Protein chains: 2
Amino acid sequence: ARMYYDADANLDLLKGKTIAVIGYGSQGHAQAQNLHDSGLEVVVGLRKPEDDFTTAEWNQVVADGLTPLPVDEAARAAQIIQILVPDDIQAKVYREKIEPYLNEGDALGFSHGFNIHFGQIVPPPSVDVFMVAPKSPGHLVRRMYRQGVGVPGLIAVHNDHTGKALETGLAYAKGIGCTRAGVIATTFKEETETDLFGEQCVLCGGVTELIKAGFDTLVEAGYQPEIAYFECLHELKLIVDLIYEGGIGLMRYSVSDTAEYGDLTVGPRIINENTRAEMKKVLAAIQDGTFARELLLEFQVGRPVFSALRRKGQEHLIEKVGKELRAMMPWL
Amino acid sequence: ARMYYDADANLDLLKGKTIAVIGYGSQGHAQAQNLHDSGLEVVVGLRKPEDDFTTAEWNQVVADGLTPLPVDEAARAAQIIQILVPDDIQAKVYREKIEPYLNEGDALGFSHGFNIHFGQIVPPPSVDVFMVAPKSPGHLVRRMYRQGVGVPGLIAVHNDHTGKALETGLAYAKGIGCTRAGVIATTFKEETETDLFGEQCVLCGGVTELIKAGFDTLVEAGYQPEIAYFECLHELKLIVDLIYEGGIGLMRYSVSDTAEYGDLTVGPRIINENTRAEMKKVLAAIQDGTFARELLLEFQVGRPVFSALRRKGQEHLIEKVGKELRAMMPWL
Ligand SMILES: NC(=O)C1=CN([C@@H]2O[C@H](COP(=O)(O)OP(=O)(O)OC[C@H]3O[C@@H](n4cnc5c(N)ncnc54)[C@H](O)[C@@H]3O)[C@@H](O)[C@H]2O)C=CC1
Ligand SMILES: NC(=O)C1=CN([C@@H]2O[C@H](COP(=O)(O)OP(=O)(O)OC[C@H]3O[C@@H](n4cnc5c(N)ncnc54)[C@H](O)[C@@H]3O)[C@@H](O)[C@H]2O)C=CC1
Ligand SMILES: [Mg+2]
Ligand SMILES: [Mg+2]
Ligand SMILES: [Mg+2]
Ligand SMILES: [Mg+2]
C-alpha cells in the first residue's frame with residue numbers, strides 16, 4: 001500500500017486560495033476548524049438562517065472564528081469546494097447551490113465517494129475532483145488535530161484536469177491533519193464499495209442480526225430475556241474494545257480459555273461457507289450498481305421499506321428489555 | 001425477572017463469619033477489596049509465593065490492606081469460601097485445598113456456574129452452594145463500588161442445606177456492591193448455558209468469524225487489505241459502543257441513512273434462518289453436555305485443537321495488517 005506522510009504534502013500550494021467547506025456536521029465542524037488553524041483561508045457554506053437549527057449552526061460557526069456564507073456564496077468565493085452535507089442530499093445541493101458557480105481549475109472534494117462513484121453528481125471535465133476520507137469520526141478528527149497527532153486517512157482523486165489533482169487533495173489532507181499519521185492511496189470506487197460492504201455485511205447489518213439471532217435463540221429456548229440481553233449484546237463492547245486495541249489475538253488472550261476454545265470451534269460453524277457465499281453476492285450487488293439503484297429508487301417513493309423495517313426493529317423485544325436494563329446502569 | 005436490591009440483603013447475617021476469597025485476579029481482587037470495604041472479615045487464599053507472579057500477587061494483597069493466606073489455611077479460617085480461580089483450575093484446587101476443610105453449614109460460592117452445573121465440583125450436601133455473577137469485569141466491579149454505584153449481577157442457589165443459602169448469597173452480593181445496582185435471580189444451569197452460548201455464537205466466535213469473513217471477502221475480491229481492516233474491524237468499535245449505550249436503535253439513529261437501509265435489508269441475508277438453525281444446534285450441544293465433555297477432554301490431552309486453531313488464527317492476514325495499522329495509531 002502506498003502511504004503519504006508529512007513530507008509528501010506541501011501546504012504552501014494553497015497560499016492565496018479559498019476553501020469552501022459545505023456543511024458543518026460531524027466532518028464539517030471538524031474539518032473546517034482544522035483548515036483554519038492550519039493557516040488556510042476557509043469559508044463555511046451553510047443555508048440562510050430560517051429556523052432554529054440553521055441559526056444555531058450559523059452562530060456556532062461564528063463562535064469558532066470562521067466565516068459563514070450561504071452555499072452559493074461560499075461556492076462563488078472559493079476555488080476548492082469540499083462537500084460535507086449528508087450523502088442523500090448532496091445531489092440537490094450541488095445541482096442548485098454549487099454547480100452553476102464552477103470554473104476551470106476549481107477542485108471539488110468529498111469525504112465519501114458514493115455520489116461521484118454512482119453518477120449522482122457529474123462535475124464538468126474542467127474541474128478537479130478529489131476525496132479525503134478520514135478513518136475516525138468527526139469529534140476524533142477535531143480532537144486529535146488539537147493534540148498534534150493525526151488520524152489515518154484515505155486519499156482518492158477521481159479526475160485530474162489541472163495536472164495537480166493529487167497534490168491538491170494531498171494539500172487538503174495535511175490541512176485537516178491526516179498526513180501526520182499517514183494517508184492511504186485509494187480510489188472513489190474502492191472507498192465507496194468497501195464502505196457499503198462493511199456497513200452491510202459486518203458493522204451494522206451483520207452484527208445487529210447476529211446479536212438479535214443470538215438473543216432470539218435464547219428467548220425461544222425459554223431463558224430470561226434479561227439474561228439473554230447481557231450475553232448477546234451488553235458483553236459485546238468489552239470484547240470489541242479488545243479487538244479494536246490489539247486485534248483478535250489480544251481479545252482471545254484476555255478472555256477465559258473456555259471462551260477462546262468456544263470462539264475457535266464454533267465461530268466458523270455460525271459464519272460458514274454459505275455465509276461467505278452470501279457476502280460475495282452482497283458485494284456483487286454493490287459492484288454492479290443494483291444496490292445503488294435500489295437505494296435511490298427507495299428514496300424516490302418516500303422510503304416505505306426503510307420505514308417499515310425500521311419500525312419492525314424498534315418493536316423488537318431486545319430494544320424493550322434493553323431500555324429497562326440500561327436504566328440500571330446510568331454510567332453508560 | 002425477580003430483582004433484589006440493597007433492601008433485600010442483610011449484611012449482618014455475615015457478622016462473626018470469615019469469608020475466604022480464593023484467587024485475586026480480575027474478580028478476586030475486586031470482590032475481596034469490596035467485601036473488605038463493606039466491613040466484612042476477609043482472607044485471600046493464594047499459592048504461597050514461589051515465583052515472580054505469585055510473589056507479586058501476595059504483595060498486592062498486603063499492599064491493598066488485606067490478609068493473604070495459603071489456600072488451605074484460608075479454607076480452614078472461613079465459613080464462606082468464594083472460588084475465584086480460573087474455571088479450568090477450580091476442580092483441582094477444590095479437591096486439594098478446599099474440600100477436606102469444609103464443615104456442615106459452610107457456604108461455597110462461585111461467580112460462574114460451569115463447574116457445579118457440569119458436575120466437575122460436587123460439594124457435600126451439608127454445604128450451602130450459591131453464585132453471585134457480576135455482569136461487569138472486575139475492574140468495574142471495583143471502580144463502580146468505590147463510586148457508590150453497583151454493577152448488576154446474577155444470583156443463584158444450587159444447594160440450600162441450612163435454609164439460609166439465598167440470604168447468605170444475597171448478603172455476599174450486597175457486600176460486593178451488586179445489590180446496589182440490582183441482582184437478577186437465575187439458576188446455575190441458566191447462567192452457565194447462556195454464558196457459553198453468548199461467547200460461542202455472538203460475542204467471540206460469531207463476531208470474530210463475521211469480521212474475518214467480511215475481511216476475506218474484500219481481500220479476495222481485490223481490495224486493499226488495509227482498507228478491508230478499517231471497514232471490517234476497526235470501525236466496529238464505534239458501532240458497538242452505540243449499541244452498548246442505547247441499543248440497536250441508538251446506533252441506527254447515529255449512522256447515515258444509507259448505512260441504516262443497508263443494515264435493515266442486508267443483515268437478515270447474512271444472518272439468516274440457516275444461521276439461526278445452527279445457533280439452535282450449538283445451544284443443544286451446550287444443553288446436552290456434549291460441548292462440556294468435548295472441552296474437558298480437550299483439556300485432558302494437552303489442548304491440541306485449541307493450540308492448532310489458535311495458531312492458524314494468529315497467522316491470518318487481518319492480524320498482520322492490523323498490527324501494522326495499529327502501530328500508526330499510537331493512541332491505542
Ligand atoms: N460521520 C463520519 O464521521 C464520516 C462521514 N463522511 C462523509 O462526509 C460527509 C458528511 O458527513 P457528516 O459530517 O456525518 O454530515 P452531517 O449529517 O453530520 O451534517 C452535514 C452538514 O450539512 C448541513 N446540511 C444539511 N442539509 C443541508 C442542505 N440541504 N443544504 C446545505 N447544508 C445542509 C447540515 O446542517 C450539516 O451541518 C458524508 O458524505 C459522509 O459519508 C466521511 C468520513 C466519516
Ligand atoms: N474475568 C471476569 O470479568 C469474569 C469472571 N467470572 C468468573 O470469576 C471466576 C474467576 O475468574 P477470573 O477473576 O477472571 O480469573 P483470573 O484469571 O483473572 O484470576 C485467577 C486467580 O486465580 C489464581 N490462581 C491461579 N492458579 C491458581 C492455583 N493453582 N491455585 C490457587 N490460585 C490460583 C490466580 O493467581 C489469580 O489470582 C471464574 O469462575 C470466572 O468465570 C465471572 C464474571 C466475569
Ligand atoms: Mg466507513
Ligand atoms: Mg458472561
Ligand atoms: Mg464464560
Ligand atoms: Mg457509509
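By convention in this document, chain letters (A, B, ...) are assigned in the order of the sequence lines, proteins followed by strands, and residues within each chain are numbered from 1.
- When the candidates A:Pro152, A:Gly205, A:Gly313 are compared by the number of heavy-atom contacts under 4.5 Å with chain B, A:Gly205 comes out ahead.
- Looking only at heavy-atom pairs under 4.5 Å with chain A, the residue among B:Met328, B:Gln224, B:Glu245, B:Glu199 that has the most is B:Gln224.
- Using a 4.5 Å cut-off between heavy atoms, A:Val207 contacts chain B through both its backbone and its side chain.
- Each of B:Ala259, B:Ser256, B:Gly222 has some count of heavy-atom pairs under 4.5 Å with chain A, and the biggest count is that of B:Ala259.
- Side chain to side chain, B:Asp195 and B:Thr192 fail the donor-acceptor criterion of an N or O pair below 3.5 Å.
- If you tally non-hydrogen atom pairs under 4.5 Å between each of B:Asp88, B:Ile239, B:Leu140, B:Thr208 and chain A, the highest count goes to B:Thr208.
- Within the 4.5 Å cutoff, the side chain of A:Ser26 has no heavy atoms near those of the A:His139 side chain.
- With a 6.0 Å radius and a threshold of 12 heavy atoms from other residues, nucleotides or ligands, A:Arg311 has its CZ atom at or below the threshold.
- When B:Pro137, B:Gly198, B:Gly247 are compared by the number of non-hydrogen pairs under 4.5 Å with chain A, B:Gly247 comes out ahead.
- Contact of A:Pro86 with chain B is not made at all, since no heavy-atom distance falls under 4.5 Å.
- Heavy atoms closer than 4.5 Å to chain B are found nowhere in A:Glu324, neither backbone nor side chain.
- In terms of heavy-atom pairs under 4.5 angstrom with chain A, the leader among B:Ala1, B:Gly249, B:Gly322 is B:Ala1.
- The parts of A:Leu210 that come within reach of chain B are both its backbone and its side chain, each placing non-hydrogen atoms under 4.5 angstrom from that chain.
- With a threshold of 4.5 angstrom between heavy atoms, A:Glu191 does not approach chain B through any atom at all.
- Between chain B and the options A:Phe215, A:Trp331, A:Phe299, A:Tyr223, heavy-atom pairs under 4.5 Å are most frequent for A:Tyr223.
- A pairwise comparison of heavy atoms in B:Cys204 and A:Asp263 identifies O-OD1, 3.4 Å as the closest pair.
- Between the side chains of A:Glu190 and A:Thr194, no donor N or O sits under 3.5 Å from an acceptor N or O.
- Using a 4.5 Å cut-off between heavy atoms, A:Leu264 touches chain B through backbone and side chain atoms alike.
- With contacts defined as side-chain heavy-atom distances shorter than 4.5 Å, the pair B:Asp241/A:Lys237 qualifies.
- When heavy atoms are compared at a cutoff of 4.5 Å, B:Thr187 does not approach chain A at all.
- Ranked by heavy-atom pairs under 4.5 Å with chain A, the list B:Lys312, B:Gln287, B:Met329, B:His316 is led by B:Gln287.
- We find that B:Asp257 and B:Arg252 are not joined by a salt bridge, their nearest charged nitrogen and carboxylate oxygen being 4.0 Å or further apart.
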All N/O donor-acceptor pairs, side-chain side in residues 226-235 of chain B, below 3.5 Å, sequence neighbours left out:
unit_1, atom_1, unit_2, atom_2, d
B:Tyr229, OH, B:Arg326, NH1, 2.7
B:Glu231, OE2, A:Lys135, NZ, 2.4

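- Across A:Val240, A:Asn274, A:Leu332, A:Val282, the residue that shares the most heavy-atom pairs under 4.5 angstrom with chain B is A:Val240.
- Neither the backbone nor the side chain of A:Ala327 comes within less than 4.5 Å of any heavy atom in chain B.
- Both the backbone and the side chain of A:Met279 come within less than 4.5 Å of a heavy atom of chain B.
- Most heavy-atom pairs under 4.5 Å with chain B, from the set A:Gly246, A:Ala285, A:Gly182: that is A:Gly246.
- A cation-pi arrangement, defined by a distance under 6.0 Å to the six-membered ring centre and an angle within 45 degrees of its axis, is absent between B:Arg293 and B:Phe291.
- In this structure, the portions of B:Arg310 lying under 4.5 Å from any heavy atom of chain A include both its backbone and its side chain.
- Contact check for B:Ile271 versus A:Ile271: side-chain heavy atoms found under the 4.5 Å cut-off.
- When each of A:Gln314, A:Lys189, A:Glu193 is checked for heavy-atom pairs under 4.5 Å with chain B, A:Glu193 comes out on top.
- Proximity to chain B is limited to the side chain of A:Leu154, based on heavy atoms less than 4.5 angstrom apart.
- There is no contact between B:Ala133 and chain A, counting heavy-atom distances below 4.5 Å.
- Heavy-atom distances place both the backbone and the side chain of A:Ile248 under 4.5 Å from chain B.
- Ion pairing between a basic and an acidic side chain is recognised when a charged N comes within 4.0 Å of a carboxylate O; A:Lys212 and A:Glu209 show such pairing.
- For B:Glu278 and B:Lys281, the salt-bridge test fails: no basic side-chain N is under 4.0 Å from an acidic carboxylate O.
- B:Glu319 has no carboxylate O lying under 4.0 Å from a charged side-chain N of B:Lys323, or vice versa, which leaves the two without a salt bridge.
- For the residue pair B:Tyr261 and A:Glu298, no side-chain donor N or O sits within less than 3.5 Å of a side-chain acceptor on the partner.
- The choice from A:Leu196, A:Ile243, A:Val151 that makes the most heavy-atom pairs within less than 4.5 Å of chain B is A:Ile243.
- B:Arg143 forms no cation-pi arrangement with B:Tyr145, by the criterion of a distance under 6.0 Å to the ring centre and an angle within 45° of the ring axis.
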